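Virtual Cβ from ideal backbone geometry, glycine too; neighbours counted across all protein chains shown. Rule-based calculations on the coordinates, nothing more; no lab input.
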Amino acid sequence: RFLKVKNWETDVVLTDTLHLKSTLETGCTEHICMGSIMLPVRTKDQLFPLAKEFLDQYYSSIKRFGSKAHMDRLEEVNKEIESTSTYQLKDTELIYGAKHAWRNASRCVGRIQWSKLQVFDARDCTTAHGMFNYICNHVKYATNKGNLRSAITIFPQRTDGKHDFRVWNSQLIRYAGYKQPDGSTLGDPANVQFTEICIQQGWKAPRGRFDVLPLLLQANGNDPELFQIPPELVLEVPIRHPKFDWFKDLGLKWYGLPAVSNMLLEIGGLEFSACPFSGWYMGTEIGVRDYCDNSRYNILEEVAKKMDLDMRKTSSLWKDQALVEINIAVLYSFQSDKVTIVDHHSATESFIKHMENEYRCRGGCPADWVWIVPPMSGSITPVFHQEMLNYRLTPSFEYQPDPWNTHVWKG
Amino acid sequence: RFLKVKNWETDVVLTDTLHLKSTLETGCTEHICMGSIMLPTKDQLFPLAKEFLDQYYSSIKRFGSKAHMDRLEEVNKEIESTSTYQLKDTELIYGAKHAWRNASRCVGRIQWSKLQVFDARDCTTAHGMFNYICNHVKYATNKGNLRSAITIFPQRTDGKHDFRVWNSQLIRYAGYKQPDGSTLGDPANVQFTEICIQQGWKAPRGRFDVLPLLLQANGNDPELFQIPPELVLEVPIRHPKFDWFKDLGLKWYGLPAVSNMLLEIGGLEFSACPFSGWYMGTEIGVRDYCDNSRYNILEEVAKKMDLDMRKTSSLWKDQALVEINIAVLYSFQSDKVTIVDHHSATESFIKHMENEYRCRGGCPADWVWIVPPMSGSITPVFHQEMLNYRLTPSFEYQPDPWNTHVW
Ligand code: HEM
Ligand code: HEM
Ligand SMILES: CN(C)c1cccc(CNCc2ccc3ccc(N)nc3c2)c1
Ligand SMILES: CN(C)c1cccc(CNCc2ccc3ccc(N)nc3c2)c1
Ligand SMILES: C[C@H](O)[C@H](O)[C@H]1CNc2nc(N)[nH]c(=O)c2N1
Ligand SMILES: C[C@H](O)[C@H](O)[C@H]1CNc2nc(N)[nH]c(=O)c2N1
Ligand SMILES: [Zn+2]
């Protein structure tokens, strides 16, 4: 079965065969599309076919399919499973798997970079203190004084579900949020619940608008432990506007390293519940979502007041006007301080080229339009007019429940 | 099977029951979502009729009444006899209003019950269609105080006697390919414009030439008519701050009147059913003026604003985009022509969605289409989960009539 996608701006048609390799489900049926739904312990029974499928993919990619090395590895893994109910990936396989998980991330617009990923093997890690050391090293390497490098650190795989490694923070670097008694919020509203957990675990909160949260690290199923990331490792950028001198007096800043740490990495049936990864920011992530979402820092009105825009009627497009100026500021501040960042025009243009290249060399590129299209100026970017097929390949990054909802407390 | 949708901005949750009435298919499977693909007999007829009649009588609280049963057999008798059937006026109005109500891609559905239905099923000729269309245009335009309307021509019989309006909208600007390689006017309309010249239109070869109507009655060959100029309300585009903007020479028409869709009610197919509402500002400002495949004026505007167009990261496109859209909204308002901004429209849709969940058990919605083409996430629909599914009565697309017409 062959599927065609059309770009309605350029009339380029592409043919997808890669979807034929899809295993997991979408959430959609013939009668309903759930494409805008945000969120749509494993036996040896199911495990070997998963291993086999991954190992076949791996050996094809190195052009060694059906080789003796390939057959011996299958046998090796087979025996290791039936004798121990799981298995260990070689480093070459871990690296391949991590890269491919990113490559398969249908909601990620930055995938042109997928083959350049520094993989840090942290599978010999046994304690929270060890996790901390690994994570400091990840942050220092990835940050690289502003010249950001993509990296992932991979902690040991789930075994029985009772000895999970988990990073409790959703991002390695995030600002605290504090609910005030008057109902207002100080800092990042998104992180209120997590900030509370930290405080309860003994964190002394500075209680400012931009307090970098501590790491809450769970090793081997044990209760999580708190650690302060060394401040000298946390690169931050103060936000100013190139034309508006009052902008810097808004007091805004943001960190340079986006490092997602709450996802689950699935490779060949193995589940890596702690696998923090990091790239660099697309400017709208900060400028549109972090600053201008009503449920986040919510600075639109305040910026609009200072620009003296007509705020009496939405038809003045004041919100749209302020949003642009804020996003110009974010890009400018990052470039002036020489911290890697990409605007949404450059990033979407790169993605379209990535996507076309993938169709030729791979037979497809799963993409989730709802997420690929930037949250401002959607239709003047080349992805808007681009039809996309969404489906799930493995290896993959998956969501997992927040660890405080599942963790069995030791005390 | 009972579905919940969350709004991630307000934490509001709604439970969808309405989807368990979905009849048509979406183009998605458990293995592949096609959410962003733009276009994914007597025995067929009676269950369709029955399904429709059932919900109609249910809406008038007469489900299972004698009049319900009577109508059901009356229509049943008619299908057996005539191989088709005719809707009563009441059913026609209900059908048309519900087709709009069910239009999952339409952000303006809060207005769905306030639709004027013009019954043109007694039309027989292209000249008649022209008269009905002119009356529709004048009624809907209403000196700028726009009113929603639909005009419904005879239903399809054997497919050889189709009523079709060949234009995609009642009111559109022509498109001419130049020997200089460029395109003059609206590039979206080059083909249709050539077909007009082929059928004998005398083109003024301008940039904003109102296309003539190509009207096909009873399966016959299409005829040309020119809409009376005085019925076509247009708006010159100026900016409330940039004096130079008017020199771009831009205008747009006030009436968005989609004419190429197929209205399906109770299995019957109305292949000519032009309808009209009023514009959301971004339709003209973002898509019409700024799409590369359209009038594509971003670069021009940016230049006149003296922005740095060397680097994408100065967001000059974004700046010019806002300004163009300010101008559109400003112009329409200044001329007292109805228009709605994307903030107002999306906020109305959220209200409507909640009402529909509250009063109907759901509201089919296509996020890819509901979210405006600019400033997506600063409007409330962005953070709103939506379920997309197909209900009937419905509007559907249908092939351009020239790829199908036996000349
Ligand atoms: C290097 C530059 C990168 C850029 C500019 C980038 C950009 C983005 C953006 C804009 C999103 C949308 C998420 C949102 O807006 O909330 C996203 C999602 C995602 N990214 Fe990338 N990314 C980059 C690197 C990476 C790397 C290194 C990985 C993993 C190894 C990755 C994996 C993912 C995944 C799995 C998602 C889906 C998140 C979800 O489903 O919630 N990205 N990325
Ligand atoms: C009265 C004000 C109205 C507003 C503000 C409005 C708004 C919109 C918008 C913005 C779209 C997106 C289309 C695009 O971007 O190309 C749309 C689509 C649509 N509208 Fe509405 N509309 C209105 C009236 C109507 C009426 C009166 C009808 C039918 C009786 C209707 C039926 C539809 C349908 C069927 C679509 C989807 C068409 C497609 O699939 O291409 N709308 N509408
Ligand atoms: C609360 N919430 C929705 C949330 C919480 C933590 C983190 C995020 C952002 N996740 C989206 C994402 C994932 C990977 C990325 C990789 C690189 C990059 N520049 N941005 C990414 C954003 C959301
Ligand atoms: C053939 N094709 C894709 C096409 C041709 C002409 C016009 C259109 C636009 N269709 C979108 C639409 C439909 C109904 C609307 C009602 C009101 C309004 N303001 N806008 C609408 C846009 C598509
Ligand atoms: C590929 C995609 O379906 C196409 O570009 C869509 C995207 N969303 C849209 N949304 C609206 N309202 N109108 C459109 O024409 C489109 N185009
Ligand atoms: C309802 C919808 O799925 C949700 O709000 C999505 C929309 N698209 C998005 N796109 C990106 N890049 N990031 C997001 O968080 C979201 N949120
Ligand atoms: Zn789908």
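Hey, if you put +1 on the Cβ of every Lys and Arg and -1 on every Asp and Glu Cβ in the protein assembly as shown, which of B:150, B:135, B:181 ends up farthest toward the positive end of that dipole?
The residue sitting farthest along the positive end of the dipole is B:181.
Which three lengths, in whole Å and largest first, does region B:40-117 cover when its Cα atoms are put on their principal axes?
For region B:40-117, the Cα spread along each principal axis is 40, 34, 21 Å.
Rounded to the nearest Å, what's the spacing between the alpha carbon centres of region B:1-55 and region A:104-125? Just the number, please.
Between the Cα centre of region B:1-55 and that of region A:104-125, the gap is 37 Å.
Can you tell me, using C-alpha contacts under 8 Å and at least 6 residues apart, the relative contact order of region A:202-277 as a whole percent?
Rounded, it is 17 percent for region A:202-277.
Give me the Å³ per residue figure for the convex hull around the C-alpha atoms of chain B.
172 Å³
Let me know the shape class of region A:200-343, please: from the alpha-carbon gyration tensor, a ≥ b ≥ c as square roots of the eigenvalues, rounded when a/c is under 1.5, otherwise prolate if a/b is greater than b/c, or oblate.
prolate
If the reach is capped at under 16 angstrom between alpha carbons, list the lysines near residue B:202, excluding any in the same chain fewer than eight residues apart.
Reachable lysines: B:177.
What is the mean number of Cβ atoms from other protein chains located within 10 Å of the Cβ atom of each residue in peptide B:2-9, rounded to a whole number?
2
What's the exposure ranking of A:15, A:185, B:41, going from fewest to most Cβ atoms within 10 Å?
B:41, A:15, A:185
If you keep only loop residues by DSSP, which trypsin sites (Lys or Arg not before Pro) in region A:92-176 have at most 12 other Cβ atoms within 10 Å of their Cβ?
A:116, A:162
Dipole of chain A (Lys/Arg Cβ +1, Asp/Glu Cβ -1, origin at the Cα centre): which of A:126, A:29, A:352 lies farthest to the positive side?
So the residue we want is A:352.
Would you mind giving the mean number of other chain beta-carbons within 10 Å of the Cβ of each residue in B:17-25, as a whole number?
Mean shielding count: 2.
So what is the relative contact order for region B:114-207, in percent, with contacts set as C-alpha pairs under 8 Å and at least six apart?
Averaging sequence separation for qualifying contacts and normalising by length gives 22 percent for region B:114-207.
For each of A:114, B:8, count neighbouring Cβ atoms within 10 Å of the residue's Cβ, then give the residues from fewest to most.
B:8, A:114
Could you put B:11, B:119 in order, starting from the residue whose Cβ has the fewest other Cβ atoms within 10 Å?
In increasing order of surrounding Cβ atoms, one gets B:11, B:119.
In percent, what relative contact order does region A:283-394 have, based on Cα pairs under 8 Å that are 6 or more apart in sequence?
Relative contact order of region A:283-394: 24 percent.
Helix-only estimate, please: 222 nm mean residue ellipticity of chain B, summing -39500 (n - 2.57) across DSSP H runs of length 4 or more and dividing by its residues, to the nearest 500.
About -9500 deg cm²/dmol.
Quick check: Cα centre of region A:154-176 to Cα centre of region B:252-289, how many Å?
51 Å
With the Cα gyration tensor of the protein assembly as shown in hand, convert its eigenvalues to equivalent ellipsoid semi-axes via √(5λ) and list them largest first in whole Å.
51, 33, 26
Rounded, prolate or oblate: which one fits region A:5-63, using the alpha carbon gyration tensor with axes a ≥ b ≥ c (rounded when a/c is under 1.5, else prolate when a/b beats b/c, else oblate)?
The shape class here is oblate.
With a cut-off of at most 14 other beta carbons within 10 Å, and DSSP calling the residue loop, which trypsin sites (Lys or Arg not before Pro) in region B:321-407 qualify? Please list them.
Filter output for region B:321-407: B:336.
Please report how many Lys pairs in region B:22-149 have alpha carbons closer than 17 angstrom, counting only residues at least 8 apart along the chain or sitting on separate chains.
Counting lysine pairs in region B:22-149 gives 11.
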